[PDB]
Amino acid sequence: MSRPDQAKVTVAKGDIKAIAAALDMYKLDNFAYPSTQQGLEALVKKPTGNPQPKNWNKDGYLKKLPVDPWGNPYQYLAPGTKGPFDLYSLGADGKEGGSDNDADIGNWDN
């Protein structure tokens with residue numbers, strides 16, 4: 001997507017796939033996926049329970065990346081409905097919808 005604001009979307013598309021890979025690395029750190037309650041906290045604060053000797057990362061398990069464009073913070077949620085995780089960023093208008101740059105941009109795995 002090579003247009004103003006969509007150019008912010010195309011960056012985040014690589015960043016979200018980055019997070020999805022690191023969430024798989026938290027999957028390794030706690031030999032399991034986080035829960036949308038305990039594991040969300042365990043994505044922001046060290047996981048309570050038994051994590052393996054692995055360097056835990058906050059912010060939802062991210063790479064060496066800043067936050068998403070438009071000054072929005074990443075929304076990282078753990079398995080909601082059917083899917084092992086839910087992560088996304090809000091669109092340029094601060095809303096989760098379907099659009100180019102006004103869409104919620106994220107990815108997850110189910």
# chains A, B, ... in the order shown; residues from 1 in each chain; ligands from 1
$ closest_atom_pairs --of "region 33-109 of chain A" --to "region 3-6 of chain A" --cutoff "9 Å" --atoms "only C-alpha atoms" --output "JSON lines"
{"residue": "A:69", "atom": "CA", "partner": "A:5", "partner_atom": "CA", "distance": 8.8}
{"residue": "A:70", "atom": "CA", "partner": "A:5", "partner_atom": "CA", "distance": 8.6}
{"residue": "A:92", "atom": "CA", "partner": "A:5", "partner_atom": "CA", "distance": 7.4}
{"residue": "A:100", "atom": "CA", "partner": "A:6", "partner_atom": "CA", "distance": 6.4}
{"residue": "A:101", "atom": "CA", "partner": "A:6", "partner_atom": "CA", "distance": 5.2}
{"residue": "A:102", "atom": "CA", "partner": "A:5", "partner_atom": "CA", "distance": 8.9}
$ closest_residue --among "A:73, A:53, A:80, A:98" --to "residue 37 (chain A)" --atoms "only C-alpha atoms"
A:80
$ atom_distance --atom1 "CA of residue 30 (chain A)" --atom2 "CA of residue 89 (chain A)"
24.4 Å
$ select_by_dssp --residues "chain A" --states "strand (DSSP E or B)" --output "list in words"
residues 75, 76, 77, 86, 87, 88, 89, 105, 106 and 107 of chain A
$ select_by_dssp --residues "region 6-51 of chain A" --states "alpha helix (DSSP H)" --output "PyMOL selection string"
chain A and resi 6-29+38-44
$ closest_residue --among "A:68, A:108, A:34, A:52" --to "residue 7 (chain A)" --atoms "only C-alpha atoms"
A:68
$ atom_distance --atom1 "CA of residue 75 (chain A)" --atom2 "CA of residue 87 (chain A)"
5.7 Å
$ residues_around --residues "residue 48 (chain A)" --least-positions-apart "4" --cutoff "12 Å" --atoms "only C-alpha atoms" --output "list in words"
residues 29, 30, 34, 35, 37, 38, 39, 40, 41, 42, 43, 44, 52 and 56 of chain A
$ residues_around --residues "residue 86 (chain A)" --least-positions-apart "4" --cutoff "12 Å" --atoms "only C-alpha atoms" --output "VMD selection string"
chain A and resid 16 to 17 19 to 20 23 33 to 36 39 to 40 60 74 to 82 104 to 110
$ write_last_selection --atoms "N, CA, C and O atoms" --output "short mmCIF file (atom, residue, chain, number, x, y, z; two decimals), in the first residue's frame"
data_model
loop_
_atom_site.label_atom_id
_atom_site.label_comp_id
_atom_site.auth_asym_id
_atom_site.auth_seq_id
_atom_site.Cartn_x
_atom_site.Cartn_y
_atom_site.Cartn_z
N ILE A 16 3.55 -6.54 12.91
CA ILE A 16 2.59 -7.45 13.50
C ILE A 16 3.01 -8.90 13.29
O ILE A 16 2.85 -9.74 14.19
N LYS A 17 3.57 -9.21 12.11
CA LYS A 17 4.05 -10.53 11.84
C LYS A 17 5.28 -10.83 12.70
O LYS A 17 5.58 -11.98 13.02
N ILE A 19 5.59 -9.62 15.82
CA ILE A 19 5.02 -9.87 17.15
C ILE A 19 4.49 -11.29 17.22
O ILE A 19 4.73 -12.00 18.17
N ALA A 20 3.83 -11.71 16.15
CA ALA A 20 3.27 -13.06 16.06
C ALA A 20 4.36 -14.13 16.20
O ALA A 20 4.13 -15.23 16.70
N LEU A 23 5.42 -13.96 19.93
CA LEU A 23 4.38 -14.55 20.76
C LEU A 23 4.59 -16.07 20.76
O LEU A 23 4.37 -16.75 21.76
N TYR A 33 0.81 -20.94 25.27
CA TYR A 33 0.35 -19.62 24.98
C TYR A 33 -0.23 -18.96 26.22
O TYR A 33 -0.72 -19.65 27.14
N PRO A 34 -0.15 -17.63 26.27
CA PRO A 34 -0.71 -16.83 27.36
C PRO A 34 -2.25 -16.92 27.38
O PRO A 34 -2.85 -17.34 26.40
N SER A 35 -2.88 -16.57 28.49
CA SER A 35 -4.33 -16.52 28.51
C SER A 35 -4.70 -15.07 28.31
O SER A 35 -3.89 -14.20 28.58
N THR A 36 -5.88 -14.77 27.83
CA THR A 36 -6.19 -13.38 27.54
C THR A 36 -6.29 -12.53 28.86
O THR A 36 -6.31 -11.30 28.82
N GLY A 39 -2.21 -14.36 30.80
CA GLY A 39 -1.16 -14.22 29.87
C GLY A 39 -1.04 -12.82 29.30
O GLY A 39 0.01 -12.45 28.83
N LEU A 40 -2.10 -12.01 29.37
CA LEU A 40 -1.99 -10.63 28.91
C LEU A 40 -1.11 -9.91 29.91
O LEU A 40 -0.13 -9.23 29.54
N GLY A 60 4.13 -7.44 24.96
CA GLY A 60 3.41 -8.44 24.24
C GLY A 60 4.30 -9.37 23.50
O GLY A 60 3.82 -10.13 22.66
N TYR A 74 0.23 -0.88 20.66
CA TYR A 74 -0.20 -2.17 20.15
C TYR A 74 -1.15 -2.83 21.11
O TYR A 74 -1.00 -2.73 22.34
N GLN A 75 -2.13 -3.48 20.56
CA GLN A 75 -3.06 -4.21 21.36
C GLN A 75 -2.73 -5.68 21.21
O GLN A 75 -2.88 -6.27 20.14
N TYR A 76 -2.29 -6.25 22.28
CA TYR A 76 -1.92 -7.62 22.34
C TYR A 76 -2.82 -8.34 23.33
O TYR A 76 -2.87 -8.00 24.51
N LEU A 77 -3.53 -9.30 22.81
CA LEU A 77 -4.48 -10.09 23.54
C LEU A 77 -4.14 -11.55 23.30
O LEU A 77 -3.53 -11.89 22.27
N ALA A 78 -4.50 -12.40 24.20
CA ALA A 78 -4.19 -13.77 24.06
C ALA A 78 -5.47 -14.53 23.63
O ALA A 78 -6.49 -13.86 23.49
N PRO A 79 -5.47 -15.91 23.44
CA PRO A 79 -6.55 -16.63 22.74
C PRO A 79 -7.92 -16.26 23.16
O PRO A 79 -8.34 -16.50 24.30
N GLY A 80 -8.59 -15.67 22.25
CA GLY A 80 -9.91 -15.26 22.49
C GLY A 80 -10.87 -16.32 22.14
O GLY A 80 -11.14 -17.23 22.93
N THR A 81 -11.36 -16.25 20.96
CA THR A 81 -12.31 -17.20 20.52
C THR A 81 -11.67 -18.04 19.45
O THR A 81 -11.41 -17.56 18.34
N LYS A 82 -11.33 -19.27 19.84
CA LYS A 82 -10.74 -20.29 18.98
C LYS A 82 -9.26 -20.08 18.71
O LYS A 82 -8.50 -21.05 18.68
N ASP A 104 -8.30 -1.82 11.56
CA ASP A 104 -7.47 -2.33 12.62
C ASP A 104 -6.49 -3.25 11.93
O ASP A 104 -6.88 -4.08 11.07
N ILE A 105 -5.26 -3.06 12.19
CA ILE A 105 -4.26 -3.81 11.52
C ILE A 105 -3.54 -4.71 12.47
O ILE A 105 -2.89 -4.27 13.40
N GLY A 106 -3.71 -5.97 12.28
CA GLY A 106 -3.11 -6.92 13.13
C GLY A 106 -3.19 -8.27 12.56
O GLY A 106 -3.76 -8.46 11.48
N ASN A 107 -2.68 -9.20 13.27
CA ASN A 107 -2.69 -10.55 12.84
C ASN A 107 -2.70 -11.45 14.02
O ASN A 107 -2.27 -11.06 15.12
N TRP A 108 -3.17 -12.61 13.81
CA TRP A 108 -3.20 -13.60 14.81
C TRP A 108 -3.23 -14.93 14.17
O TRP A 108 -3.26 -15.04 12.94
N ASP A 109 -3.21 -15.93 14.97
CA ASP A 109 -3.26 -17.27 14.49
C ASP A 109 -4.31 -18.03 15.22
O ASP A 109 -4.48 -17.89 16.47
N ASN A 110 -5.05 -18.78 14.42
CA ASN A 110 -6.14 -19.63 14.82
C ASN A 110 -6.02 -20.91 14.05
O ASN A 110 -5.48 -21.91 14.59
#
$ atom_distance --atom1 "CA of residue 95 (chain A)" --atom2 "CA of residue 71 (chain A)"
12.9 Å
